[PDB]
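Take a look at the structure below.
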Amino acid sequence: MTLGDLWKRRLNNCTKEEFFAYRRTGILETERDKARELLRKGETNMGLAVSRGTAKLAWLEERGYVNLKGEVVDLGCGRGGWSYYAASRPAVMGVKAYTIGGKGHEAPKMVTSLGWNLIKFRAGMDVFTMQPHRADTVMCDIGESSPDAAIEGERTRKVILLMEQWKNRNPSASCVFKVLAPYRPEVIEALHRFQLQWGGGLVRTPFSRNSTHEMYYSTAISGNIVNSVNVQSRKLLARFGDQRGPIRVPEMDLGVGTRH
Ligand SMILES: Nc1nc2c(ncn2[C@@H]2O[C@H](COP(=O)(O)OP(=O)(O)OP(=O)(O)OC[C@H]3O[C@@H](n4cnc5c(N)ncnc54)[C@H](O)[C@@H]3O)[C@@H](O)[C@H]2O)c(=O)[nH]1
Ligand SMILES: Nc1ncnc2c1ncn2[C@@H]1O[C@H](CSCC[C@H](N)C(=O)O)[C@@H](O)[C@H]1O
């Protein structure tokens, strides 16, 4: 059993008051007051982020931890926060975005965020059974939390396998993908094998809530996997009892318009 396995059990053992005090303490959170209601009322002329994912991918790129360029594929795009971010980047030429949609899952939000015309959204698509195709950059933000750590580990392993398939088709592709439960031994093993073939490493973004152990894998960085996960598990355990709240920051506004 890992330190992160312990963290998950301690999290599940929290009272509701302990859970509410823990989940957001010390984390960056974008101010979504205006974006949330523009999306609810169906406004489509807006460049404010459609989801909290946009700021996370922006942080990774600004840190230099991901390379977004060329033909981008967004696997499990949900509302599309990563697709709209990639579409606004000058080095990106097009985005093919796929997501399952349907009951309980998010469909793409349709807005005129800068470069929207370069995105081809396809909902109703299961990326785990879809044949890979050409891509310069492969992005995947898939991983639904579960109180059951074995389920989180299985969901994570499926994403790593998916990324191996896309790398087999595109050995030179830049990759960035969510690793929902890096604290599971079977995820660490699958990640180590990915690293030995393709390079890369793991990083925690400051927007992730303390109630999730999610980290992001990118071929553009390096680092011992076991050390990265353990450092993060210690940080998550250290925040139990912290009284500070979230740090509020402005939401990303990409502006509106086409790219040609
Ligand atoms: N001690 C608690 N831990 C919680 C709780 N809610 C979530 N969590 C943990 O955070 C993890 C991430 O939570 P997330 O950000 O995805 O929030 P959600 O509400 O969308 O997660 P769900 O699992 O779908 O929650 C649905 C209901 O499940 C309840 N729930 C979920 N886990 C718990 C636990 N462990 N104890 C008590 N109640 C729990 C929770 O109150 C909700 O009413 C989750 O997997 C759990 O390990 C919680 O209420 N109490
Ligand atoms: N097998 C699958 N095939 C396609 N989409 C899937 C999938 N499994 C989960 N998904 C979708 O993947 C999404 C991951 S969350 C998407 C967040 C996105 N990066 C943003 O910034 O908005 C969810 O909407 C889920 O419905």
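Here, A, B, ... name the chains of the structure tokens in the order displayed, residue numbers run from 1 inside each chain, and ligands are numbered from 1 in the same displayed order.
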
Would you please extract all alpha helix (DSSP H) residues from segment 123-225 of chain A, as assigned by DSSP on the backbone, and give them as a PDB file with N, CA and C atoms, in the first residue's frame?
```
ATOM      1  N   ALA A 149     -10.810   3.427  -4.829  1.00  0.00           N
ATOM      2  CA  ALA A 149      -9.494   3.662  -5.424  1.00  0.00           C
ATOM      3  C   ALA A 149      -9.155   2.624  -6.490  1.00  0.00           C
ATOM      4  N   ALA A 150      -9.668   1.400  -6.358  1.00  0.00           N
ATOM      5  CA  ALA A 150      -9.447   0.405  -7.401  1.00  0.00           C
ATOM      6  C   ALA A 150     -10.135   0.793  -8.703  1.00  0.00           C
ATOM      7  N   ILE A 151     -11.289   1.445  -8.624  1.00  0.00           N
ATOM      8  CA  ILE A 151     -11.953   1.923  -9.833  1.00  0.00           C
ATOM      9  C   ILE A 151     -11.162   3.081 -10.447  1.00  0.00           C
ATOM     10  N   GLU A 152     -10.723   4.041  -9.619  1.00  0.00           N
ATOM     11  CA  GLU A 152      -9.852   5.109 -10.132  1.00  0.00           C
ATOM     12  C   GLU A 152      -8.612   4.531 -10.802  1.00  0.00           C
ATOM     13  N   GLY A 153      -8.035   3.476 -10.232  1.00  0.00           N
ATOM     14  CA  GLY A 153      -6.849   2.888 -10.841  1.00  0.00           C
ATOM     15  C   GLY A 153      -7.134   2.230 -12.179  1.00  0.00           C
ATOM     16  N   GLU A 154      -8.285   1.558 -12.291  1.00  0.00           N
ATOM     17  CA  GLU A 154      -8.675   0.953 -13.563  1.00  0.00           C
ATOM     18  C   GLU A 154      -8.938   2.015 -14.626  1.00  0.00           C
ATOM     19  N   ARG A 155      -9.679   3.075 -14.275  1.00  0.00           N
ATOM     20  CA  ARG A 155      -9.899   4.191 -15.206  1.00  0.00           C
ATOM     21  C   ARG A 155      -8.578   4.793 -15.676  1.00  0.00           C
ATOM     22  N   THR A 156      -7.628   4.960 -14.752  1.00  0.00           N
ATOM     23  CA  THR A 156      -6.324   5.521 -15.112  1.00  0.00           C
ATOM     24  C   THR A 156      -5.566   4.592 -16.049  1.00  0.00           C
ATOM     25  N   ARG A 157      -5.587   3.289 -15.779  1.00  0.00           N
ATOM     26  CA  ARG A 157      -4.861   2.355 -16.639  1.00  0.00           C
ATOM     27  C   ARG A 157      -5.401   2.375 -18.068  1.00  0.00           C
ATOM     28  N   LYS A 158      -6.719   2.536 -18.222  1.00  0.00           N
ATOM     29  CA  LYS A 158      -7.300   2.616 -19.558  1.00  0.00           C
ATOM     30  C   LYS A 158      -6.785   3.833 -20.313  1.00  0.00           C
ATOM     31  N   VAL A 159      -6.615   4.959 -19.622  1.00  0.00           N
ATOM     32  CA  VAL A 159      -6.097   6.147 -20.295  1.00  0.00           C
ATOM     33  C   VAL A 159      -4.649   5.926 -20.734  1.00  0.00           C
ATOM     34  N   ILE A 160      -3.827   5.321 -19.872  1.00  0.00           N
ATOM     35  CA  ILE A 160      -2.441   5.081 -20.271  1.00  0.00           C
ATOM     36  C   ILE A 160      -2.380   4.154 -21.477  1.00  0.00           C
ATOM     37  N   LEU A 161      -3.208   3.109 -21.491  1.00  0.00           N
ATOM     38  CA  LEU A 161      -3.236   2.216 -22.651  1.00  0.00           C
ATOM     39  C   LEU A 161      -3.649   2.964 -23.908  1.00  0.00           C
ATOM     40  N   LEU A 162      -4.646   3.845 -23.785  1.00  0.00           N
ATOM     41  CA  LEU A 162      -5.065   4.650 -24.921  1.00  0.00           C
ATOM     42  C   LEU A 162      -3.911   5.490 -25.443  1.00  0.00           C
ATOM     43  N   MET A 163      -3.153   6.116 -24.540  1.00  0.00           N
ATOM     44  CA  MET A 163      -2.020   6.922 -24.982  1.00  0.00           C
ATOM     45  C   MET A 163      -0.927   6.074 -25.628  1.00  0.00           C
ATOM     46  N   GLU A 164      -0.733   4.832 -25.176  1.00  0.00           N
ATOM     47  CA  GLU A 164       0.223   3.954 -25.855  1.00  0.00           C
ATOM     48  C   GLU A 164      -0.213   3.683 -27.290  1.00  0.00           C
ATOM     49  N   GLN A 165      -1.525   3.523 -27.507  1.00  0.00           N
ATOM     50  CA  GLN A 165      -2.034   3.271 -28.848  1.00  0.00           C
ATOM     51  C   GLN A 165      -1.835   4.480 -29.753  1.00  0.00           C
ATOM     52  N   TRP A 166      -2.105   5.679 -29.240  1.00  0.00           N
ATOM     53  CA  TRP A 166      -1.884   6.868 -30.050  1.00  0.00           C
ATOM     54  C   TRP A 166      -0.400   7.104 -30.305  1.00  0.00           C
ATOM     55  N   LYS A 167       0.473   6.738 -29.357  1.00  0.00           N
ATOM     56  CA  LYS A 167       1.908   6.892 -29.591  1.00  0.00           C
ATOM     57  C   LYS A 167       2.411   5.871 -30.608  1.00  0.00           C
ATOM     58  N   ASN A 168       1.880   4.655 -30.567  1.00  0.00           N
ATOM     59  CA  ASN A 168       2.206   3.670 -31.586  1.00  0.00           C
ATOM     60  C   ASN A 168       1.921   4.209 -32.981  1.00  0.00           C
ATOM     61  N   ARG A 169       0.783   4.889 -33.159  1.00  0.00           N
ATOM     62  CA  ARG A 169       0.444   5.494 -34.446  1.00  0.00           C
ATOM     63  C   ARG A 169       1.256   6.758 -34.723  1.00  0.00           C
ATOM     64  N   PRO A 185      -0.348   1.219  -7.361  1.00  0.00           N
ATOM     65  CA  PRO A 185       0.820   0.482  -7.873  1.00  0.00           C
ATOM     66  C   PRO A 185       0.700   0.050  -9.320  1.00  0.00           C
ATOM     67  N   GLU A 186      -0.488  -0.374  -9.758  1.00  0.00           N
ATOM     68  CA  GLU A 186      -0.641  -0.804 -11.144  1.00  0.00           C
ATOM     69  C   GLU A 186      -0.603   0.366 -12.126  1.00  0.00           C
ATOM     70  N   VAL A 187      -0.928   1.576 -11.678  1.00  0.00           N
ATOM     71  CA  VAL A 187      -0.750   2.754 -12.527  1.00  0.00           C
ATOM     72  C   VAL A 187       0.726   3.119 -12.632  1.00  0.00           C
ATOM     73  N   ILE A 188       1.440   3.111 -11.501  1.00  0.00           N
ATOM     74  CA  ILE A 188       2.872   3.409 -11.515  1.00  0.00           C
ATOM     75  C   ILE A 188       3.602   2.475 -12.469  1.00  0.00           C
ATOM     76  N   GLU A 189       3.232   1.192 -12.479  1.00  0.00           N
ATOM     77  CA  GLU A 189       3.903   0.246 -13.373  1.00  0.00           C
ATOM     78  C   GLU A 189       3.615   0.560 -14.838  1.00  0.00           C
ATOM     79  N   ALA A 190       2.352   0.824 -15.170  1.00  0.00           N
ATOM     80  CA  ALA A 190       2.016   1.168 -16.547  1.00  0.00           C
ATOM     81  C   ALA A 190       2.662   2.490 -16.961  1.00  0.00           C
ATOM     82  N   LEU A 191       2.756   3.447 -16.027  1.00  0.00           N
ATOM     83  CA  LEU A 191       3.394   4.726 -16.324  1.00  0.00           C
ATOM     84  C   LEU A 191       4.896   4.568 -16.527  1.00  0.00           C
ATOM     85  N   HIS A 192       5.543   3.744 -15.699  1.00  0.00           N
ATOM     86  CA  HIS A 192       6.970   3.512 -15.867  1.00  0.00           C
ATOM     87  C   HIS A 192       7.272   2.943 -17.247  1.00  0.00           C
ATOM     88  N   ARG A 193       6.455   1.993 -17.717  1.00  0.00           N
ATOM     89  CA  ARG A 193       6.676   1.432 -19.048  1.00  0.00           C
ATOM     90  C   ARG A 193       6.480   2.483 -20.130  1.00  0.00           C
ATOM     91  N   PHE A 194       5.466   3.343 -19.978  1.00  0.00           N
ATOM     92  CA  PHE A 194       5.298   4.459 -20.909  1.00  0.00           C
ATOM     93  C   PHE A 194       6.552   5.324 -20.939  1.00  0.00           C
ATOM     94  N   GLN A 195       7.054   5.669 -19.760  1.00  0.00           N
ATOM     95  CA  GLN A 195       8.230   6.522 -19.649  1.00  0.00           C
ATOM     96  C   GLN A 195       9.457   5.894 -20.298  1.00  0.00           C
ATOM     97  N   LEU A 196       9.632   4.580 -20.148  1.00  0.00           N
ATOM     98  CA  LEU A 196      10.825   3.947 -20.709  1.00  0.00           C
ATOM     99  C   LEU A 196      10.818   3.968 -22.236  1.00  0.00           C
ATOM    100  N   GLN A 197       9.644   3.962 -22.863  1.00  0.00           N
ATOM    101  CA  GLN A 197       9.562   4.061 -24.317  1.00  0.00           C
ATOM    102  C   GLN A 197       9.524   5.495 -24.845  1.00  0.00           C
ATOM    103  N   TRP A 198       8.810   6.399 -24.177  1.00  0.00           N
ATOM    104  CA  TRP A 198       8.474   7.697 -24.753  1.00  0.00           C
ATOM    105  C   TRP A 198       9.015   8.897 -23.989  1.00  0.00           C
ATOM    106  N   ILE A 225       9.144   8.828 -11.446  1.00  0.00           N
ATOM    107  CA  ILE A 225       7.699   8.801 -11.258  1.00  0.00           C
ATOM    108  C   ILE A 225       7.362   8.565  -9.795  1.00  0.00           C
TER     109      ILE A 225
END
```

Exercise: residue 83 of chain A partners within 7 Å, only C-alpha atoms, chain neighbours under 2 positions left out, as an NGL selection string: :A and (74 or 77 or 80-81 or 85-87 or 95 or 97)

Site check for ligand 2: residues at most 7 Å away, only C-alpha atoms and all ligand atoms, as a list in words: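 Selection of residues at most 7 Å from ligand 2: residues 50, 51, 52, 53, 54, 75, 76, 77, 78, 79, 80, 81, 82, 98, 99, 100, 101, 105, 106, 107, 125, 126, 127, 128, 141, 142 and 143 of chain A.
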
Neighbourhood of ligand 1 at 6 Å, counting only C-alpha atoms and all ligand atoms, reported as a PDB file with N, CA and C atoms, in the first residue's frame:
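File produced: result_12.pdb:
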```
ATOM      1  N   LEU A  11      -9.131  10.553   3.243  1.00  0.00           N
ATOM      2  CA  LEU A  11     -10.120  11.412   2.617  1.00  0.00           C
ATOM      3  C   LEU A  11     -11.517  10.829   2.759  1.00  0.00           C
ATOM      4  N   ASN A  12     -11.673   9.540   2.449  1.00  0.00           N
ATOM      5  CA  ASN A  12     -12.986   8.926   2.553  1.00  0.00           C
ATOM      6  C   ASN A  12     -13.487   8.868   3.994  1.00  0.00           C
ATOM      7  N   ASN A  13     -12.599   8.992   4.969  1.00  0.00           N
ATOM      8  CA  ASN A  13     -12.985   8.940   6.377  1.00  0.00           C
ATOM      9  C   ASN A  13     -13.411  10.289   6.942  1.00  0.00           C
ATOM     10  N   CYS A  14     -13.255  11.367   6.178  1.00  0.00           N
ATOM     11  CA  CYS A  14     -13.591  12.703   6.661  1.00  0.00           C
ATOM     12  C   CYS A  14     -15.089  12.856   6.923  1.00  0.00           C
ATOM     13  N   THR A  15     -15.423  13.555   8.016  1.00  0.00           N
ATOM     14  CA  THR A  15     -16.777  14.092   8.165  1.00  0.00           C
ATOM     15  C   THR A  15     -17.040  15.088   7.049  1.00  0.00           C
ATOM     16  N   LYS A  16     -18.316  15.412   6.840  1.00  0.00           N
ATOM     17  CA  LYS A  16     -18.657  16.385   5.800  1.00  0.00           C
ATOM     18  C   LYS A  16     -18.003  17.734   6.064  1.00  0.00           C
ATOM     19  N   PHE A  19     -14.498  17.462   5.170  1.00  0.00           N
ATOM     20  CA  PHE A  19     -14.368  17.396   3.722  1.00  0.00           C
ATOM     21  C   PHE A  19     -14.486  18.782   3.094  1.00  0.00           C
ATOM     22  N   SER A 145     -13.432  10.797 -11.016  1.00  0.00           N
ATOM     23  CA  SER A 145     -13.137  10.414  -9.639  1.00  0.00           C
ATOM     24  C   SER A 145     -14.101   9.332  -9.166  1.00  0.00           C
ATOM     25  N   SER A 146     -13.629   8.494  -8.238  1.00  0.00           N
ATOM     26  CA  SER A 146     -14.516   7.542  -7.601  1.00  0.00           C
ATOM     27  C   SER A 146     -14.034   7.401  -6.167  1.00  0.00           C
ATOM     28  N   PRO A 147     -14.944   7.226  -5.210  1.00  0.00           N
ATOM     29  CA  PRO A 147     -14.509   6.911  -3.837  1.00  0.00           C
ATOM     30  C   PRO A 147     -13.717   5.630  -3.772  1.00  0.00           C
ATOM     31  N   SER A 211      -9.119  17.108  -2.985  1.00  0.00           N
ATOM     32  CA  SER A 211      -9.891  15.878  -2.953  1.00  0.00           C
ATOM     33  C   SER A 211      -9.573  14.956  -4.114  1.00  0.00           C
ATOM     34  N   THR A 212      -8.616  15.300  -4.961  1.00  0.00           N
ATOM     35  CA  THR A 212      -8.182  14.412  -6.032  1.00  0.00           C
ATOM     36  C   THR A 212      -6.662  14.355  -6.067  1.00  0.00           C
TER      37      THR A 212
END
```

Filtered DSSP result for segment 16-201 of chain A, state strand (DSSP E or B), as a PyMOL selection string: chain A and resi 28-31+48+70-75+92-99+113+119-123+137-140+174-179+201
